[PDB]
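What follows draws every value from the coordinates through simple rules; no lab data is involved. Cβ placement follows ideal geometry from the backbone for every residue including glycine, while neighbour counts extend to all protein chains displayed.
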Amino acid sequence: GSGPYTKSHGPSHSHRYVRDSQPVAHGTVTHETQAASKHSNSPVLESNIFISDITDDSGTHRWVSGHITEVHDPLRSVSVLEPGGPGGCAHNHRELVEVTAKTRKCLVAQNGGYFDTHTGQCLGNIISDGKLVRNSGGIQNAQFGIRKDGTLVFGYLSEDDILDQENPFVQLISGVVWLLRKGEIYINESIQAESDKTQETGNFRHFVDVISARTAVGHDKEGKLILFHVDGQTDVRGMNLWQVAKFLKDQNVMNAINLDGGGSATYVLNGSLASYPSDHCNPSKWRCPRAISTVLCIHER
Amino acid sequence: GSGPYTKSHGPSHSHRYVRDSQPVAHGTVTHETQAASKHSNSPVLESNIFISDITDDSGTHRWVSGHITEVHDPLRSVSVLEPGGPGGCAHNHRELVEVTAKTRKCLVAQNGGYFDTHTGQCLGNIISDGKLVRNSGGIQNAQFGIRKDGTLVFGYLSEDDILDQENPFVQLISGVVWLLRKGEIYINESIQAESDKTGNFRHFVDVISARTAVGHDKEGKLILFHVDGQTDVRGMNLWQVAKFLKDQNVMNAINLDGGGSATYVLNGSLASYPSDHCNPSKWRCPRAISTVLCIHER
Ligand SMILES: O=P(O)(O)OC[C@H]1O[C@H](O)[C@@H](O)[C@@H](O)[C@@H]1O
Ligand SMILES: O=P(O)(O)OC[C@H]1O[C@H](O)[C@@H](O)[C@@H](O)[C@@H]1O
Ligand SMILES: CC(=O)N[C@@H]1[C@@H](O)[C@H](O)[C@@H](CO)O[C@@H]1O
Ligand SMILES: CC(=O)N[C@@H]1[C@@H](O)[C@H](O)[C@@H](CO)O[C@@H]1O
Ligand SMILES: *[C@@H]1O[C@H](CO)[C@@H](O)[C@H](O)[C@H]1NC(C)=O
Ligand SMILES: *[C@@H]1O[C@H](CO)[C@@H](O)[C@H](O)[C@H]1NC(C)=O
Ligand SMILES: *[C@@H]1O[C@H](CO)[C@@H](O)[C@H](O)[C@H]1NC(C)=O
Ligand SMILES: *[C@@H]1O[C@H](CO)[C@@H](O)[C@H](O)[C@H]1NC(C)=O
Ligand SMILES: [Cl-]
Ligand SMILES: [Cl-]
Ligand SMILES: [Cl-]
């Protein structure tokens, strides 16, 4: 449908290919790090609603709406959850964000990584509360992870990077497109890194350029984790990734990656749906949240 | 600001004026009644999201979004709540829907009646869980109430109507504008009944904004309506609301408070996009409002 890939999810080329093709400005490191903030005497998070006027290239103005969530102690409060609960990805299980969220008393929960809509298979790298759920085998998509010592990681990782046991990843999830790198829009570089020069680069561009519902995760200079969500509907309402990156750039976000969007985009506040999903409740025309894969959860305990 | 009245809330004329000026087709009765459904073997409610394309008279298209909530046993599950809890109106108290809702474990809660934004005074008639909270003194605004035997009441009521003790109101709340009467748009009649002959009321009707409404369908189920918006920028005007509910087979409905007051709270969590700002920031914030319309367990 609105997926970035037509055959298999992710590029076929290696991490060294990604490294050699990135701009000299970033040296030879294909990721960014930031020590997580440690505000253990603060509330867990801040949930912010925005309704903003967006201008597209044609000059027409549109209203968009969504949430920005700030997490003050990411190491202790952020979890990557399998659909429905532990073991969900092994069963190709799909489940609403709310249902999965209620397994951990999540204060805020958003849909997470990409999945195969036909088979329900989880995609990308997945580490959930210290447990390796899925090793993609070094597939080069944008990554977000939290290491055991509190380091936030954004960008492109090798299979060796994610399997390290010195300072192991305790949370890891994959998206598609690295939106911001070091406070700069990184979409053009992401297209080079995350699409196959061979198999249908056009469909990947349409995924970037079309407006839709979108979600993203990033961080600011203070080490706070930033969750982004904008409601929309592919080719009808919402934002394209250029607009998402600019919006986050103006929110002082340093690094951010794009997570699953379209009808998957869901914002759940303390177990209740608090967004407007795009899918229909067939055969009726009411709107319904989608059964999705992994979930990004922010919990109190 | 976007209030329907510039001086005092409500028209200056009596219920006798409303009766004398209403259309001949409706006789001398200025309200509608409907036995509430009592589906005790159904879920308490069904809350559905809509995102729809609306066209106005000028032909321009806009997207609107909100919720429709159906209540299967209104008598046992619907409550009109005072801001913050019992006694809130006596103190001119204003409070978030979310805060007021947690005093009754509301599954769904929306902002309720109109209030004075400067003093915080509650407006209209208010009966909360069998308790008479406010007697407006016969002010002729659109009313919604539930009587003890399960009768749903919509429309214009006299002071004698609300003080009756034979089959007394257990819930009662006032809005502004009777949107639908007997399945027909009733906005022109509402302007006649609820405004003084002495433009500002018309603008309140015609401008687009966030809106909320309560009504019922042929089955006696109660319908809660909410559409997000911002006065003169996004949302719907009352003509569009009446048509939207009319196409959902709503028989009678009244317009409740809108604008920045419009709030939809799902299981204690804010689940809409309010228009007010979190001053001095540009984020959006729910407003501290007055009475709340609450849907709770039986
Ligand atoms: O998440 P999206 O972009 O809305 O795509 C989801 C869509 O995929 C295809 O186009 C169809 O199967 C649609 O029925 C479905 O709604
Ligand atoms: O609920 P509304 O329609 O957005 O109006 C609220 C606003 O009305 C006017 O613009 C002003 O008087 C504001 O002080 C007020 O906050
Ligand atoms: C615009 C957008 O992000 N659409 C996504 C699609 O790309 C993805 O493949 C699918 C399943 O993960 O969910 C959504 O439809
Ligand atoms: C468009 C609309 O419903 N605006 C209302 C206004 O009429 C009302 O007076 C005020 C307080 O009750 O709340 C909102 O601003
Ligand atoms: C990305 O490349 C496009 C070419 O499609 C160009 O027009 C645009 O200016 C570039 N944007 C950035 C942020 O480099
Ligand atoms: C979350 O919701 C549950 C019931 O839905 C409630 O008991 C709990 O207090 C809520 N938590 C917060 C932080 O509001
Ligand atoms: C409202 O009233 C005016 C004049 O009385 C009339 O022209 C208009 O068509 C009416 N509209 C509706 C919907 O009744
Ligand atoms: C409200 O939450 C409780 C469980 O926490 C339950 O009654 C129901 O699932 C929820 N109701 C709605 C309408 O979401
Ligand atoms: Cl090499
Ligand atoms: Cl008179
Ligand atoms: Cl107007």
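Descriptive notes on the structure:
- Residue exposure sequence - B:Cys89, B:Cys294 - by fewest surrounding Cβ within 10 Å: B:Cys89, B:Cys294
- More than 17 Å apart - percent of Cα-Cα pairs taken over segment B:90-140: 44 percent
- The Cα center of segment A:153-206 and the Cα center of segment B:197-221 differ in position by 50 Å.
- The mean number of partner chain beta-carbon atoms within 10 angstrom of a residue's beta-carbon across peptide A:278-284 is 1.
- Using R0 = 60 Å, the C-beta based FRET efficiency linking A:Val24 and B:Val24 works out to 0.10.
- Exercise: per-residue mean of other protein chain Cβ atoms within 10 Å, A:265-273: 4
- Two-site label geometry, B:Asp232 and A:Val99: point separation in nm, points 7 Å out along Cα→Cβ: 4.7 nm
- Fully extending the segment from A:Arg205 to A:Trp286, taken as 0.36 nm per residue of separation minus the present Cα-Cα distance, adds 26.1 nm.
- Calculated [θ] (222 nm, deg cm²/dmol) that DSSP helices of n ≥ 4 give over chain A, each run adding -39,500 (n - 2.57): -4000 deg cm²/dmol
- Inter-part distance where segment B:260-291 and segment A:272-292 are each reduced to a Cα centre, Å: 22 Å
- Sorted peptide list for A:19-32, A:164-177, criterion being average Cβ within 10 angstrom, highest first: A:164-177, A:19-32
- Relative contact order computed over chain A (Cα-Cα under 8 Å; 6+ residues apart), in percent: 27 percent
- Mean Cβ count within 10 Å, highest first, over the residues of peptides B:55-64, A:143-152, A:183-192: A:143-152, A:183-192, B:55-64
- Shape analysis of segment A:6-152 yields a ratio of the Cα radius of gyration to the Kirkwood radius, Rg/Rh, of 1.00.
- Taken along the Cα-to-beta-carbon direction at a fixed 7 Å, the label points for A:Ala90 and A:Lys221 span 4.6 nm.
- Average partner coverage of A:135-141, which counts Cβ from other chains inside 10 Å: 0
- Percent of alpha-carbon pairs separated by more than 26 Å within chain B: 38 percent
- Hydrodynamic radius by Kirkwood, which averages 1/r over all alpha carbon pairs of segment B:90-179, in angstrom: 13.9 Å
- Unit charges on C-beta of K, R, D, E only; dipole of segment A:15-299, Debye: 520 debye
- Close amide H contacts of B:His277 (hydrogens built in the peptide plane, cut-off under 5 Å, sequence separation of 5 or more or a different chain): B:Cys285.
- The order of A:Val78, A:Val44, going from fewest to most other C-beta atoms within 10 Å of their C-beta, is A:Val44, A:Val78.
- The string of couplings for segment B:242-252 from the Karplus curve (6.51, -1.76, 1.60, θ = phi - 60°) is 4, 5, 4, 5, 4, 6, 8, 6, 7, 8, 9 Hz, one whole number per residue in order, with x for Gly and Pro.
- Expressed in units of 2.2 N^0.38 Å, where N is the residue count, the Cα radius of gyration of the protein assembly as shown is 1.06.
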